[PDB]
Amino acid sequence: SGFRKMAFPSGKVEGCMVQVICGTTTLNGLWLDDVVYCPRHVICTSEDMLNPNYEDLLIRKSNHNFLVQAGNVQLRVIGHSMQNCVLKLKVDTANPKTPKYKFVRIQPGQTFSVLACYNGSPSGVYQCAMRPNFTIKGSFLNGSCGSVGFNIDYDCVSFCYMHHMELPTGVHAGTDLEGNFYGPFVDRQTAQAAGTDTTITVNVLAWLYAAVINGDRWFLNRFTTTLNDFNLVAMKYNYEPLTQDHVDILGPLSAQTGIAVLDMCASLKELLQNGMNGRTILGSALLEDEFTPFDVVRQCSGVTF
Amino acid sequence: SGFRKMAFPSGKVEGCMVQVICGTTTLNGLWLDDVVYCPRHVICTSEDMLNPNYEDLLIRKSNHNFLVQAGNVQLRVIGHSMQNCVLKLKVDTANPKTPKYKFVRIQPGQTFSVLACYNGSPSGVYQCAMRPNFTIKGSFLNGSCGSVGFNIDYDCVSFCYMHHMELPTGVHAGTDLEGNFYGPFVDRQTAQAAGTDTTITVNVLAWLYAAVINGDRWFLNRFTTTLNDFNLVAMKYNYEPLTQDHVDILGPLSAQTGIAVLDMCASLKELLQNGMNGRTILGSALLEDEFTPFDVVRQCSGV
Ligand SMILES: *C(=N)[C@H](C[C@@H]1CCNC1=O)NC(=O)[C@@H]1[C@@H]2[C@H](CN1C(=O)[C@@H](NC(=O)C(F)(F)F)C(C)(C)C)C2(C)C
Ligand SMILES: *C(=N)[C@H](C[C@@H]1CCNC1=O)NC(=O)[C@@H]1[C@@H]2[C@H](CN1C(=O)[C@@H](NC(=O)C(F)(F)F)C(C)(C)C)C2(C)C
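As a numbering rule, every chain is indexed from 1 in the order its sequence is written, which need not reproduce the entry's residue numbers; residues that lack coordinates are not presented. The naming scheme follows written order: chains are lettered A onward, ligands numbered 1 onward. Each side-chain value is worked out from all heavy atoms of the structure, with water and hydrogens disregarded. Residues with missing side-chain atoms are left out of burial classes, side-chain pairs and their counts.

Per the PDB record, the structure was determined using X-ray crystallography to 2.28 Å resolution.

If you check the PDB entry, chain B appears there as 3C-like proteinase from Severe acute respiratory syndrome coronavirus 2.

Taking the PDB entry as the reference, chain A is identified by name as 3C-like proteinase belonging to Severe acute respiratory syndrome coronavirus 2.

1. Describing the packing of helix α3 (residues 201-213) of chain B against helix α7 (residues 261-274) of chain B
Residue and element names in this part refer to chain B. In plain terms, the rule: Angles shown run from 0 to 180 degrees and are taken between the N-to-C directions of axes, each axis being a line fitted to C-alpha atoms and, for helices, limited to the stretch in contact. Runs of H or I in DSSP of at least four residues are treated as helices and runs of E of at least two as strands, each being numbered from the N terminus. For classification purposes, angles smaller than 35 degrees are called roughly parallel, those larger than 145 roughly antiparallel, those between 65 and 115 roughly perpendicular, and all remaining angles oblique. We call two residues contacting when some pair of their heavy atoms lies within 4.5 Å. Note on residue classes: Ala, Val, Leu, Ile, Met, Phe, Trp, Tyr, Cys and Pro are nonpolar, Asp, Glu, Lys and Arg are charged, and everything else, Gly too, is polar.
Their axes nearest at 10 Å, the elements α3 and α7 cross at an angle of 100 degrees. Accordingly, the angle class assigned to the pair α3 and α7 is roughly perpendicular. Facing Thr201, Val204, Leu205, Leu208, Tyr209 and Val212 of α3, the residues of α7 in contact are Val261, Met264, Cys265, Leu268 and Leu271. Tallied by class, the residues present in the contact of α3 with α7 amount to 10 nonpolar, one polar and no charged.

2. Regarding the domain arrangement of chain A
As a reminder, the rule being used: Domains are outlined according to an automatic or database domain assignment.
Partitioning chain A into structural domains gives domain 1 (12-91), domain 2 (99-175) and domain 3 (201-301). Each of domain 1 of chain A and domain 3 of chain A was reduced to a C-alpha centroid, and the two centroids are 44 Å apart.

3. Some remarks on the site of ligand 1
Residue and element names in this part refer to chain A. Inclusion rule: Near is defined per residue: the residue qualifies when any heavy atom it owns lies within 4 Å of the molecule or strand. Contacts described as polar in this section are N or O atom pairs within 3.5 Å, which, within protein, must combine one atom able to donate a hydrogen with one able to accept it, while residues neighboring in sequence count only if both atoms come from side chains. Per-residue and other accessible areas were derived by the Shrake-Rupley procedure at a 1.4 Å probe size, with only the shown protein chains allowed to occlude residues.
The environment of ligand 1 is formed by 21 residues, the closest being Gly143, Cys145, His163, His164 and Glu166. Within the backbone of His164, a nitrogen or oxygen atom sits 3.1 Å from a nitrogen atom of ligand 1. Between a nitrogen atom of ligand 1 and a main-chain N or O atom of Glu166, the distance comes to 2.9 Å. The fraction of the free accessible surface of ligand 1 (670 Å²) that becomes covered by protein chains is 82%. Among the elements that line the shell around ligand 1, the one with the most residues is strand β12 (residues 156-167), at five residues. Taken together, the residues of the shell around ligand 1 break down into eight nonpolar, 10 polar and three charged. In terms of domain composition, the shell around ligand 1 takes at least three residues from each of domain 1 (12-91) and domain 2 (99-175).

4. Here we look at the environment of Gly109(B)
For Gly109(B), the position within the fold is in the loop between β8 (101-103) and β9 (111-118). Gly109(B) sits 121 residues away from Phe230(B) along the chain, and the two C-alpha atoms are 19 Å apart.

5. Notes on unusual backbone geometry
Residue and element names in this part refer to chain B. The criterion, for reference: Residue exposure (1.4 Å probe, protein chains only): buried if accessible area is under 20% of the type maximum, exposed if over 50%, otherwise partly exposed.
Unusually for a residue other than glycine, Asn238 sits at a positive phi of about 70 degrees. Note on placement: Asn238 falls in the loop between α4 (227-236) and α5 (244-249). Residue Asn238 is classed as partly exposed on the basis of its relative accessible area of 31%. You will see that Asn277, though not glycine, has its phi angle at about 50 degrees, which is positive. Residue placement: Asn277 occurs in the loop between α7 and α8 (293-301).

6. Here we look at the sheet that holds strand β5 (residues 73-75) of chain B
Residue and element names in this part refer to chain B. Going by this rule: In this analysis, strands are considered paired if DSSP registers two or more bridges between them.
Strand order in the open sheet formed by seven strands is β5-β4-β1-β2-β3-β7-β6, and the pairing between neighbours is antiparallel. The two strands at the open ends of the sheet, each matched to only one other strand, are β5 and β6 (77-83). Between one strand axis and the next, the sheet turns by 30 degrees as a mean value, whatever way the strands run.

7. Description of the pattern of salt bridges
Residue and element names in this part refer to chain A. Note the cut-off: Here, a salt bridge means any side-chain nitrogen of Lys or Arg that lies within 4 Å of a carboxyl oxygen of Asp or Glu.
One pass over the structure, following the stated rule, counts 22 salt bridges over all chains. Between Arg131 and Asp197 there is a salt bridge, with its nearest N and O atoms 2.9 Å apart. With a gap of 66 residues between them, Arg131 in the loop between β10 (121-129) and β11 (148-153) and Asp197 in the loop between β13 (171-175) and α3 (201-213) connect regions that are remote in the sequence. Of the residues examined, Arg131 reaches a relative accessible area of 5% and is grouped as buried.

8. Some thoughts on the domain arrangement of chain B
Residue and element names in this part refer to chain B. Keep this limit in mind: In this description, buried area is defined as the sum, over both parts, of the accessible area (probe of 1.4 Å) that is lost when the two are combined.
By the assigned domains, chain B splits into domain 1 (12-91), domain 2 (100-175) and domain 3 (201-301). Each of domain 1 and domain 2 has a C-alpha centre, and the two are 18 Å apart. Taken together, the 18 residues of domain 1 in the interface contact 25 residues of domain 2. Note on domain 1 versus domain 2: buried area summed over both sides is about 1,700 Å², and carbon and sulfur give 70% of it.

9. Some details on the interface of chain A and chain B
Contact residues are listed per partner, giving 42 residues for chain A and 42 residues for chain B. Interface area, chain A with chain B, both sides summed: about 2,900 Å², of which 50% is carbon and sulfur. Joining chain A to chain B, the criterion identifies two salt bridges. For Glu290(B), the salt bridge is made with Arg4(A), and the minimal N-O distance between the two is 2.9 Å. Our enumeration of links across chain A and chain B arrives at 29 residue pairs in polar contact.

10. Digging into the site of ligand 2
Surrounding ligand 2, one finds 22 residues, the nearest of these being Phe140(B), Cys145(B), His163(B), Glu166(B) and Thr190(B). Near ligand 2, residues from chains A and B are present, making the site a shared one. For ligand 2, an oxygen atom lies 2.5 Å from a polar atom in the side chain of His163(B). Taking 680 Å² as the accessible area of ligand 2 by itself, protein coverage stands at 82%.

11. Considerations on the pairing of strand β7 (residues 86-91) of chain A
All names here are of chain A. Pairing of strand β3 (residues 35-39) with β7, which is carried by five bridges, proceeds in the antiparallel orientation. Counted as the bridge partner of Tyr37 is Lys88 from β7. As defined by bridge partners, strand β6 (residues 77-83) adjoins β7 across five bridges and the pair is classed as antiparallel. Each residue of the ladder has a partner; that of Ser81, found in β7, is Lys88. In this structure, the hairpin formed by β6 and β7 is closed by a connection of two residues, where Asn84 is found at a positive phi of approximately 50 degrees.

Have a look at this one:
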């Protein structure tokens, strides 16, 4: 038993991380097959970033301006392309450690593991969620660009995030692996802000199911409620509305604990109305919302890769 | 910027996880060179665990009783010995993925990454601290035995933990890689007690420095205190006493923020006495204590 914020094993992704140097700039790249993916502002000087013309900057660059190093090895670039906000550099060598992989674009509320990297070396791994405002509450210093987020399906690595920049209040923004930003953000050093963030309700319900499975039950109440009554309250407290699709996703957890989803919604309703009164749930004094219903099932059943 | 509970990359340890089968029982092993390490209760039946005599139970096992699978391929066991609470199985194949490694016994308050495994296959990775009562707060199901905790020093993997059992309160107990338990626990299915846990004060101060570095400053004050003043306060709240050595460990953080270790202690004392007034620090409503002063320096300066 117990319940922890848990990241996927990073081994498969570590084997794809490389260093990309263009000029003075040094950041991280993702080496899959004979293509290396990295953020396109690697071609930028600190002056360029205030308002870059990427198309102009890139055409001026030749293949030999891009240094790709995979540990001790040095990869020879034989092609460079730009797709949205990522540079694609073709290399003379296919990554022999390329795992089974997809490129996916996740919806808000879905979680993933981030492998934080600097100079192409993995530094650490942690778990995060795509916030409803399309930011992620991460941990990134200068030089972390190109660190990627991923999910693992048995042996297939679904890459969903590449890191680019930090927004006001210390939140983070980036792209899918096709270079399209999550949210209304641009890779320019200009005034941007994320927008009001909301709590991921279906994940809070999943986390409450993790608690019950682990013995924390003091919050279960005798009441119940309709889906529309719950959502009326939840939007009052800046919680995302619960949809019928969210109810079905919670089915497995509902059938394990014999607690109807709408019964659990009533417990949550009272938690937002009467506060937690200094009490804790699975050790936390706040309601946790970065566990998906799938995360909870995985951790409580022992799924492996 | 930002601050997260962060684990070491688990790749080097993934290549050392094998499945160990002995009769009906299955659990995880750690394959280093031509040796596999696993908890010794892999030799117990359902009944044996209530009161095992491991010497006698092992005497009735043979090398051919132990089936080690590494991915698909089965390994050949050619020798076995018992070192305290772990079995050491010699195999006919050195692990070609063996990293540079050492075995260490960690102190309370130190942190490490756990690679949680089932049937020799990794399930997930998370960070935890050795509690002062020599338990850890983990996530462990049946079959998780033989999962290991570890730190990475550049390229060397320091193994410090192998998981054995779960205690009544849902916390978890295990051994170092020589098989000596952390704490006063035994590998037997009988009611056991962890004892009173305390807060790792020097880690809480490290977390507060992480907060100040990340712009969350509302808890700072120009108040002061002595180490004896603070420690007299801290013990009332079940906080481990702060030593001068802890003050020396916190030095790099103090110098990076320009806040004396003891000014920060005066802020922690104020926090324990007055609560948080519903405030949060780094988005947390409670004081976090599983970040060491080294962890904070690493994450906030990018090692
Ligand atoms: C990658 N090398 C860094 C990683 C950043 C820096 C600090 N923390 C991180 O995650 N990325 C940047 O330096 C990018 C890079 C130019 C500016 N930038 C920023 O992250 C800046 N942010 C913004 O301009 C804002 F707020 F709009 F996001 C900075 C103020 C330096 C944090 C480019 C191309 C965006
Ligand atoms: C080995 N894979 C399991 C892992 C446990 C089971 C649930 N979570 C875990 O971390 N470990 C065991 O089953 C060990 C094994 C016999 C009993 N045991 C326990 O963990 C038991 N605990 C205790 O008896 C107590 F209270 F002392 F901790 C159990 C009640 C099954 C949790 C042996 C040899 C210790």
